[PDB]
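Scope of the values below: all heavy atoms of this structure, side chains included, with no hydrogens, waters or symmetry mates. Letters go in sequence order (proteins before strands), and every chain restarts at 1.
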Amino acid sequence: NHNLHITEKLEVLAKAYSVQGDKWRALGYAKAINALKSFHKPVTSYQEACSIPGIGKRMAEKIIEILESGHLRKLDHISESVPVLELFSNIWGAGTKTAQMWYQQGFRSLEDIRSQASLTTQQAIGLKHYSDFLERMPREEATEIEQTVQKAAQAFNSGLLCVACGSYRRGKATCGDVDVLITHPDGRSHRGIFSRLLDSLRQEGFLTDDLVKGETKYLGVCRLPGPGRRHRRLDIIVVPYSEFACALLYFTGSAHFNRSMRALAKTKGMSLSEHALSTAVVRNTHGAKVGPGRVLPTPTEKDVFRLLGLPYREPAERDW
DNA sequence: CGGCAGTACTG
DNA sequence: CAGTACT
DNA sequence: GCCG
Ligand SMILES: [Mg+2]
Ligand code: NA
Ligand code: NA
Ligand code: NA
Ligand code: NA
């Protein structure tokens, strides 16, 4: 990053807009920061700034203030509530609306939340694991967790395929959580497996809390055995084999990469989801789908790129 | 002006 | 539904 | 916030 002295100041504003609910402005900032982090050389001119996609007049102005003064005056006027809103929205299951409500109600600390807030079932688990969920784990521990799930799944049906996606599959040295995708090549035997799989992972104490228990998605909490272990977030998705490539693509990410790819598909009259890549998609004036279109066959990730007119990118090149 | 990705789950 | 979450 |  050639522009740390700029992006460090910009990230502060972005986070402030985010926790305060100004999601589109925060999005704009996030995109400007990534763009700034990817420039080859320090940005030294307004006109150079404007030349970067993702940097407009308002943002170039801010970059200019930083270079000339080493500071951004807007930082001095960030609401005093922001550190508390961030504290609160780092509880899993609480977002900006809940954080703002707790703030309005007078809460200022996690002790206030613990003792006086009404928490959802998910938020109570999030609070119990507040520190742990803010920590990343070594890649090697994500391997142990993925293997734990795979061993439990394969015990039921040895044909089940399980793959850790997310940051793990993108090759990162640490992972915020573990994202396990499960399918079955025969196209049928993925069905109805959660009850038995989840029950199995509970039996020996690996699965400690459940956050979401859907027909296709599980989100919860696990902890490996022995001393020195922290609770870790674990997501499991079970998909039919026909959707494997799009599910793999979605669940490998990154999130920004997915949004970029999906926006591209939209420009070409297509739609990309975790279920499928579709063509001849009918939309309205607001970009909203009014007609479904046709599912395109995508046996592999490479086919999704191909049909979008893109060169294939290995997971490591998707870490946007 | 107005989209900014597309979807699953909860209560 | 609004809110939160996933990548 | 940026961009079509
Ligand atoms: Mg993840
Ligand atoms: Na630009
Ligand atoms: Na949260
Ligand atoms: Na109090
Ligand atoms: Na996850």
Side-chain angles (χ1 to χ4, degrees), chain A residues 10 14 16-18 20-22 24-33 35 49-50 53-56 59-62 88-101 118 120-123 125-126 133 164-170 175-181 210-212 214 216-220 233-239 243 246-265 267 270-278 283-284 287-288 292 315 318-320:
Chain A
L10 290 197
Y17 285 126
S18 188
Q20 283 176 129
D22 196 346
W24 301 125
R25 187 168 327 252
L27 184 54
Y29 273 81
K31 281 179 163 160
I33 287 153
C50 282
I55 305 294
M59 183 62 76
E61 280 161 13
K62 315 214 196 265
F88 291 172
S89 58
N90 277 342
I91 295 177
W92 201 100
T96 180
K97 298 296 189 162
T98 300
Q100 295 183 278
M101 183 193 75
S118 76
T120 66
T121 301
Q122 297 172 336
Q123 287 157 1
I125 293 160
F133 289 180
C165 303
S167 63
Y168 185 79
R169 191 162 180 254
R170 297 199 305 282
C175 309
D177 47 71
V178 189
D179 304 303
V180 177
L181 182 61
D210 306 331
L211 297 168
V212 162
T216 67
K217 310 203 302 181
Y218 169 85
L219 291 80
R233 280 276 293 105
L234 171 65
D235 291 357
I236 299 175
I237 299 174
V238 178
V239 308
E243 308 184 353
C246 288
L248 200 54
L249 189 64
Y250 151 76
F251 196 56
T252 301
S254 72
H256 173 230
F257 178 77
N258 284 352
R259 291 170 84 159
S260 299
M261 180 139 294
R262 289 165 182 210
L264 179 78
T267 69
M270 304 167 80
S271 180
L272 174 64
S273 79
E274 46 265 53
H275 299 293
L277 176 70
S278 299
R283 278 155 172 118
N284 70 0
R318 310 182 200 157
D319 191 40
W320 305 4

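Looking only at distances, a side-chain donor or acceptor of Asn258(A) sits under 3.5 Å from a matching main-chain atom of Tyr250(A). Of the possible donor and acceptor atoms, one in the side chain of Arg170(A) sits under 3.5 Å from a partner among the backbone N and O of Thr252(A). For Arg262(A) (side chain) and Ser271(A) (main-chain N/O), no donor-acceptor pair under 3.5 Å exists by modelled atom type.
Taking for each of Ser273(A) and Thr120(A) the nucleotide of DNA chain B with the nearest heavy atom, the 5'-most of the two is the partner of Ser273(A).
Here the separation of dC3(D) from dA5(B), taken at their P atoms, is 15 Å to the nearest Å.
Regarding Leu211(A), its CG atom lies at a distance of 15 Å from the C1' atom of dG11(B), rounded to whole Å. What separates CG of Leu277(A) from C1' of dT7(B) is a distance of 15 Å, to the nearest Å. Across the protein-nucleic acid pair, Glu243(A) atom CD and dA8(B) atom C1' stand 13 Å apart, rounded to whole Å. Atom pair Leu27(A):CG and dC3(D):P shows a separation of 12 Å (rounding to whole Å applied). Distance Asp177(A) CG to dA5(C) P: 13 Å, rounded to the nearest Å. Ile236(A) has its CD1 atom 18 Å from the P atom of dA8(B), to the nearest Å. One interatomic measurement links the two molecules: CG of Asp210(A) to P of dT10(B), which rounds to 10 Å at whole-angstrom precision. Between the CZ atom of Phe257(A) and the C1' atom of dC6(C) there is a distance of 16 Å, given to the nearest Å.
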Practice item. Decide side-chain contact (heavy atoms from CB on, under 4.5 Å) for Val180(A) and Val178(A); before the verdict, give the C-alpha distance in whole Å, the side-chain angles of both, and the deciding distance to 0.1 Å. Key: CA-CA 6 Å; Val180(A) 177; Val178(A) 189; 4.0 Å; yes

Practice item. List the steps and the verdict of side chain to side chain donor-acceptor pair (under 3.5 Å) for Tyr218(A) and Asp210(A). Key: CA-CA 8 Å; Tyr218(A) 169 85; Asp210(A) 306 331; 2.7 Å; yes

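Of the candidates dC4(B), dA8(B), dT10(B), the closest approach to any side-chain atom of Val212(A) belongs to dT10(B). Of the candidate nucleotides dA5(B), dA8(B), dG3(C), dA5(B) has the atom nearest to the side chain of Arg262(A). Of the candidate nucleotides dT7(C), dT4(C), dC4(B), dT7(C) has the atom lying nearest to any side-chain atom of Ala255(A). Looking at the side chain of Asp179(A), the nearest of the listed nucleotides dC6(C), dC3(D), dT10(B) is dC6(C). Residue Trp92(A) has its side chain nearest to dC6(C) when only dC4(B), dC6(C), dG6(B) are considered. Comparing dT7(C), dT7(B), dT10(B) by their closest approach to the side chain of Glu274(A) singles out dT7(B).
Taking side-chain N and O atoms only, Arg233(A) has a distance below 4.0 Å to OP1 or OP2 of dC6(C). Considering only side-chain N and O atoms, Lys31(A) lies nowhere under 4.0 angstrom from the phosphate OP1 or OP2 of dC3(D). Residue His275(A) has a polar side-chain atom (N or O) positioned under 4.0 Å from OP1 or OP2 of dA8(B). Residue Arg259(A) places none of its side-chain N or O atoms closer than 4.0 Å to OP1 or OP2 of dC6(C). The side chain of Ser271(A) places no N or O atom within less than 4.0 Å of a non-bridging phosphate oxygen (OP1 or OP2) of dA5(B). Under 4.0 angstrom from either OP1 or OP2 of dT7(C) there lies no side-chain N or O belonging to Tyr250(A).
As judged by a 4.0 angstrom heavy-atom cut-off over every strand, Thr98(A) is placed among residues touching the sugar-phosphate backbone only. Nucleic acid contact class of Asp235(A) (heavy atoms, under 4.0 Å, all strands): sugar-phosphate only. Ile91(A) comes within 4.0 angstrom of sugar-phosphate atoms only, judged by non-hydrogen atoms across all strands, and of no base.
Ring orientation note: the planes of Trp320(A) and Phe257(A) are nearly perpendicular, at an angle over 60° on the 30°/60° scale.
In this structure, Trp24(A) packs face-to-face on the six-membered ring of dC4(B), meeting both the 5.5 Å centre cutoff and the 30° plane limit.
Nucleotide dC1(C) carries a north-puckered sugar, as indicated by a positive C1'-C2'-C3'-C4' torsion.
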